[PDB]
Each structure stands twice: as C-alpha cells, then as structure tokens.
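**Q** My structure is in query.txt, and what it holds is compact mmCIF, N, CA and C atoms:
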```
# COMPACT_ATOMS: atom_id res chain seq x y z
N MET A 1 119.66 114.39 44.14
CA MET A 1 120.43 115.42 43.39
C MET A 1 121.70 114.80 42.78
N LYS A 2 121.66 114.47 41.52
CA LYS A 2 122.86 113.86 40.87
C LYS A 2 124.01 114.86 40.86
N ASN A 3 123.72 116.12 40.75
CA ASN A 3 124.80 117.15 40.73
C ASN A 3 125.71 116.98 41.96
N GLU A 4 125.14 116.66 43.09
CA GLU A 4 125.97 116.49 44.31
C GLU A 4 126.86 115.25 44.18
N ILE A 5 126.37 114.23 43.53
CA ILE A 5 127.18 112.99 43.37
C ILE A 5 128.33 113.22 42.38
N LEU A 6 128.05 113.85 41.27
CA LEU A 6 129.13 114.10 40.28
C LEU A 6 130.12 115.12 40.84
N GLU A 7 129.63 116.21 41.37
CA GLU A 7 130.54 117.23 41.95
C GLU A 7 131.37 116.61 43.08
N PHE A 8 130.77 115.73 43.84
CA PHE A 8 131.52 115.08 44.95
C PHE A 8 132.66 114.24 44.38
N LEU A 9 132.39 113.44 43.39
CA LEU A 9 133.46 112.59 42.79
C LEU A 9 134.58 113.48 42.23
N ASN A 10 134.26 114.69 41.86
CA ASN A 10 135.30 115.60 41.31
C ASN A 10 136.36 115.89 42.38
N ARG A 11 135.94 116.37 43.52
CA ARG A 11 136.92 116.67 44.61
C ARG A 11 137.70 115.41 44.98
N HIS A 12 137.03 114.30 45.09
CA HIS A 12 137.73 113.03 45.45
C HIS A 12 137.79 112.10 44.23
N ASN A 13 137.83 110.82 44.45
CA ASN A 13 137.89 109.86 43.31
C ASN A 13 138.15 108.44 43.81
N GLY A 14 137.17 107.59 43.74
CA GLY A 14 137.37 106.19 44.22
C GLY A 14 136.59 105.96 45.51
N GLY A 15 135.44 105.35 45.42
CA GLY A 15 134.63 105.10 46.65
C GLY A 15 133.46 104.17 46.31
N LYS A 16 133.20 103.20 47.15
CA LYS A 16 132.07 102.26 46.87
C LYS A 16 130.77 103.05 46.73
N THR A 17 129.73 102.42 46.27
CA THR A 17 128.44 103.14 46.12
C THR A 17 127.93 103.58 47.50
N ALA A 18 127.70 102.64 48.38
CA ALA A 18 127.21 103.02 49.74
C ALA A 18 128.23 103.94 50.40
N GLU A 19 129.43 103.90 49.93
CA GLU A 19 130.48 104.80 50.49
C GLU A 19 130.30 106.17 49.87
N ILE A 20 129.99 106.21 48.61
CA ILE A 20 129.74 107.51 47.95
C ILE A 20 128.52 108.15 48.60
N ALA A 21 127.54 107.34 48.93
CA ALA A 21 126.33 107.88 49.60
C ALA A 21 126.72 108.51 50.94
N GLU A 22 127.56 107.85 51.68
CA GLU A 22 127.98 108.41 53.00
C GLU A 22 128.62 109.79 52.79
N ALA A 23 129.35 109.95 51.73
CA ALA A 23 129.99 111.27 51.47
C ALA A 23 128.92 112.34 51.28
N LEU A 24 127.87 112.03 50.56
CA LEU A 24 126.79 113.03 50.35
C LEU A 24 125.71 112.88 51.43
N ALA A 25 125.70 111.77 52.11
CA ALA A 25 124.67 111.56 53.17
C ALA A 25 123.27 111.78 52.60
N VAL A 26 123.12 111.65 51.31
CA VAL A 26 121.78 111.84 50.69
C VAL A 26 121.01 110.52 50.73
N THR A 27 120.33 110.18 49.68
CA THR A 27 119.59 108.90 49.67
C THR A 27 120.46 107.81 49.06
N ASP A 28 121.37 107.27 49.83
CA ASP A 28 122.29 106.20 49.31
C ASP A 28 121.58 105.34 48.27
N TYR A 29 120.36 104.94 48.54
CA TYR A 29 119.62 104.11 47.55
C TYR A 29 119.46 104.89 46.25
N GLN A 30 119.06 106.13 46.33
CA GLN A 30 118.89 106.95 45.10
C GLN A 30 120.26 107.34 44.56
N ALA A 31 121.19 107.53 45.44
CA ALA A 31 122.57 107.90 45.00
C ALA A 31 123.13 106.80 44.10
N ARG A 32 123.09 105.58 44.55
CA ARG A 32 123.60 104.46 43.72
C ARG A 32 122.83 104.40 42.39
N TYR A 33 121.53 104.46 42.46
CA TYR A 33 120.71 104.40 41.21
C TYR A 33 121.11 105.51 40.25
N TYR A 34 121.69 106.55 40.77
CA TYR A 34 122.12 107.68 39.89
C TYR A 34 123.40 107.29 39.15
N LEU A 35 124.41 106.87 39.87
CA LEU A 35 125.68 106.47 39.20
C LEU A 35 125.36 105.54 38.02
N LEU A 36 124.44 104.64 38.21
CA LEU A 36 124.08 103.70 37.11
C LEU A 36 123.49 104.48 35.92
N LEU A 37 122.44 105.21 36.15
CA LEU A 37 121.82 105.99 35.04
C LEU A 37 122.87 106.88 34.37
N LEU A 38 123.66 107.58 35.14
CA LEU A 38 124.70 108.45 34.54
C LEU A 38 125.74 107.61 33.80
N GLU A 39 126.13 106.50 34.36
CA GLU A 39 127.13 105.63 33.68
C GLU A 39 126.65 105.27 32.27
N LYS A 40 125.36 105.17 32.09
CA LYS A 40 124.82 104.82 30.75
C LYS A 40 125.11 105.95 29.76
N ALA A 41 125.16 107.17 30.24
CA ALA A 41 125.44 108.31 29.33
C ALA A 41 126.94 108.40 29.03
N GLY A 42 127.76 107.90 29.92
CA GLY A 42 129.23 107.96 29.69
C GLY A 42 129.84 109.11 30.51
N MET A 43 129.06 109.70 31.37
CA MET A 43 129.59 110.83 32.20
C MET A 43 130.25 110.28 33.47
N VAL A 44 130.00 109.04 33.79
CA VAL A 44 130.62 108.45 35.01
C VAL A 44 131.07 107.01 34.73
N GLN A 45 131.87 106.45 35.59
CA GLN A 45 132.35 105.06 35.36
C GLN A 45 132.24 104.24 36.65
N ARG A 46 132.33 102.95 36.55
CA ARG A 46 132.22 102.10 37.77
C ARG A 46 133.21 100.93 37.69
N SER A 47 133.60 100.39 38.81
CA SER A 47 134.56 99.25 38.80
C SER A 47 133.95 98.02 39.46
N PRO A 48 134.15 96.89 38.82
CA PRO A 48 133.62 95.60 39.34
C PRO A 48 134.38 95.20 40.61
N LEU A 49 134.36 96.04 41.60
CA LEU A 49 135.07 95.74 42.88
C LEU A 49 135.07 94.24 43.19
N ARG A 50 136.11 93.55 42.80
CA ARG A 50 136.17 92.09 43.07
C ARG A 50 136.78 91.84 44.46
N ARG A 51 136.95 92.88 45.23
CA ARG A 51 137.53 92.72 46.59
C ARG A 51 136.78 93.59 47.60
N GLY A 52 135.57 93.23 47.92
CA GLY A 52 134.78 94.04 48.89
C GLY A 52 133.31 93.63 48.82
N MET A 53 132.44 94.55 48.51
CA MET A 53 130.99 94.20 48.42
C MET A 53 130.16 95.43 48.06
N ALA A 54 130.51 96.13 47.01
CA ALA A 54 129.72 97.34 46.63
C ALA A 54 130.30 98.02 45.38
N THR A 55 131.01 97.29 44.55
CA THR A 55 131.58 97.92 43.32
C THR A 55 132.16 99.30 43.65
N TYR A 56 132.43 100.09 42.64
CA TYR A 56 132.99 101.45 42.88
C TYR A 56 132.51 102.41 41.80
N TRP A 57 132.27 103.64 42.16
CA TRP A 57 131.79 104.61 41.15
C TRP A 57 132.53 105.94 41.28
N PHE A 58 132.99 106.48 40.18
CA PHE A 58 133.72 107.77 40.24
C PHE A 58 133.62 108.50 38.89
N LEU A 59 133.76 109.80 38.89
CA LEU A 59 133.67 110.56 37.61
C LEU A 59 134.42 109.82 36.50
N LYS A 60 134.14 110.15 35.27
CA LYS A 60 134.83 109.47 34.14
C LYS A 60 136.33 109.80 34.16
N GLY A 61 137.03 109.34 35.16
CA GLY A 61 138.49 109.63 35.23
C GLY A 61 138.71 111.14 35.37
N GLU A 62 138.53 111.87 34.31
CA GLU A 62 138.73 113.34 34.37
C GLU A 62 138.38 113.98 33.02
N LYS A 63 139.36 114.47 32.32
CA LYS A 63 139.08 115.10 31.00
C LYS A 63 140.33 115.06 30.12
N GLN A 64 140.23 115.52 28.90
CA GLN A 64 141.42 115.51 28.00
C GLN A 64 141.99 114.10 27.89
N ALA A 65 141.22 113.11 28.25
CA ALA A 65 141.72 111.70 28.16
C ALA A 65 141.27 111.06 26.85
N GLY A 66 140.84 111.86 25.91
CA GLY A 66 140.38 111.29 24.61
C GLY A 66 140.37 112.39 23.55
N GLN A 67 139.76 113.51 23.84
CA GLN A 67 139.71 114.62 22.85
C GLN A 67 140.79 115.66 23.18
N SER A 68 141.85 115.25 23.81
CA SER A 68 142.94 116.22 24.15
C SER A 68 143.30 117.06 22.92
N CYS A 69 142.75 118.24 22.82
CA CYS A 69 143.06 119.11 21.65
C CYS A 69 142.66 118.41 20.35
N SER A 70 141.88 117.36 20.45
CA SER A 70 141.45 116.63 19.22
C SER A 70 142.66 115.98 18.54
N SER A 71 143.80 116.00 19.18
CA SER A 71 145.01 115.37 18.57
C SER A 71 145.09 115.73 17.08
N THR A 72 144.94 116.98 16.75
CA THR A 72 145.01 117.40 15.32
C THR A 72 146.35 118.08 15.04
N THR A 73 147.34 117.83 15.85
CA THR A 73 148.67 118.47 15.62
C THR A 73 149.79 117.44 15.75
N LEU A 74 149.55 116.23 15.30
CA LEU A 74 150.61 115.18 15.40
C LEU A 74 150.80 114.50 14.04
N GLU A 75 150.31 115.09 12.99
CA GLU A 75 150.47 114.47 11.64
C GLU A 75 151.07 115.48 10.66
N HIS A 76 151.79 116.45 11.16
CA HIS A 76 152.41 117.47 10.26
C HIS A 76 151.33 118.15 9.41
N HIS A 77 151.16 119.44 9.58
CA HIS A 77 150.13 120.17 8.79
C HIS A 77 150.41 120.03 7.29
N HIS A 78 149.83 119.05 6.65
CA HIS A 78 150.07 118.87 5.19
C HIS A 78 151.57 118.71 4.91
N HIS A 79 152.00 117.51 4.63
CA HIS A 79 153.45 117.29 4.35
C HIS A 79 153.99 118.41 3.45
N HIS A 80 155.26 118.69 3.53
CA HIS A 80 155.84 119.77 2.68
C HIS A 80 155.30 121.14 3.11
N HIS A 81 154.00 121.31 3.06
CA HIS A 81 153.40 122.61 3.45
C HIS A 81 154.26 123.78 2.95
```
Give the structure from this file in structure tokens form.

**A**
Amino acid sequence: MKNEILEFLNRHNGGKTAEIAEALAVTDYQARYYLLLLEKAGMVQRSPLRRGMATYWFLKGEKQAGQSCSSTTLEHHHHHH
C-alpha cells in the first residue's frame, strides 16, 4: 500500500528505507520498491545517505515550494496600470 508510505512520510520526515518500512511494518522490500517508483513521478524524494547504509526517502519536502500562488504577484500588474 503506497498510500501508507506517503501518508506516513507526511506526519514525519526523514528515515532510511528499511527504517521507513519499520514505521509501516508492511513489506519493507515492497515499501522500498515503492519510494523508487513514486520518486520517478516526482511525488517523493530520496537522499544519497553517504553516512549509514540505506539512503533516505521522504515526501517531496512539502508543498508551495515551487507553485506558491504561481508567483504571479511579484511583477506589478502591468506597469502604470
């Protein structure tokens, strides 16, 4: 169930793959394979954990981190207007 993995990362944030599996206690093997498939869509992200042994996977940071209101109110509505 990928929904449990994404919803889980929402409440928390930052956990190795086998660690994320422990949180859901689901199929750690299938859990990790999910973060990868989802990461390809851009709904989740992962970190090259260079200090441990299981990388890291967590929701795509959060939201409003790119389309914040579409940033369509920072160029003056038509100069002079």

**Q** What gap, in Å, lies between atom C of residue 6 (chain A) and CA of residue 71 (chain A)?

**A**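 Pair atom C of residue 6 (chain A) / CA of residue 71 (chain A) returns 26.8 Å.
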
**Q** So which residues fall inside 12 Å of (133.2, 109.1, 48.7) if we count only C-alpha atoms? Mind giving them as a ChimeraX atom specification?

**A** /A:4-26,28,31-32,56-59

**Q** If I take atom C of residue 37 (chain A) and CA of residue 1 (chain A), how far is one from the other in Å, to one decimal?

**A**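 Taking atom C of residue 37 (chain A) and CA of residue 1 (chain A), their separation equals 12.7 Å.
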
**Q** Quick check for you: according to DSSP on this backbone, which residues of chain A are classed as strand (DSSP E or B)? Reply as a list in words.

**A**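 DSSP-assigned strand (DSSP E or B) residues in chain A: residues 44, 45, 46, 47, 56, 57, 58 and 59 of chain A.
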
**Q** Would you mind reading off the distance between atom C of residue 2 (chain A) and CA of residue 35 (chain A), one decimal, in Å?

**A**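 CA of residue 35 (chain A) lies at a distance of 8.7 Å from atom C of residue 2 (chain A).
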
**Q** Enumerate as a list in words all residues of region 8-56 of chain A assigned to helix (DSSP H, G or I) by DSSP on the backbone, naming them with the chain letters and numbers the document uses.

**A**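 Written out, the helix (DSSP H, G or I) residues of region 8-56 of chain A are residues 8, 9, 10, 11, 17, 18, 19, 20, 21, 22, 23, 24, 28, 29, 30, 31, 32, 33, 34, 35, 36, 37, 38, 39, 40 and 41 of chain A.
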
**Q** Given 5 Å of margin on each side, can you work out the centre and size in Å (one decimal) of an axis-aligned box holding every listed atom of region 41-58 of chain A, as AutoDock Vina command-line options?

**A**
```
--center_x 131.3 --center_y 101.3 --center_z 39.0 --size_x 22.4 --size_y 29.0 --size_z 29.9
```

**Q** Need the shell around residue 63 (chain A): protein/DNA/RNA residues with any atom at most 12 Å away, counting only C-alpha atoms. Skip same-chain ones fewer than 4 positions apart. Format as a VMD selection string?

**A** chain A and resid 10 43 to 44 59 67 to 69
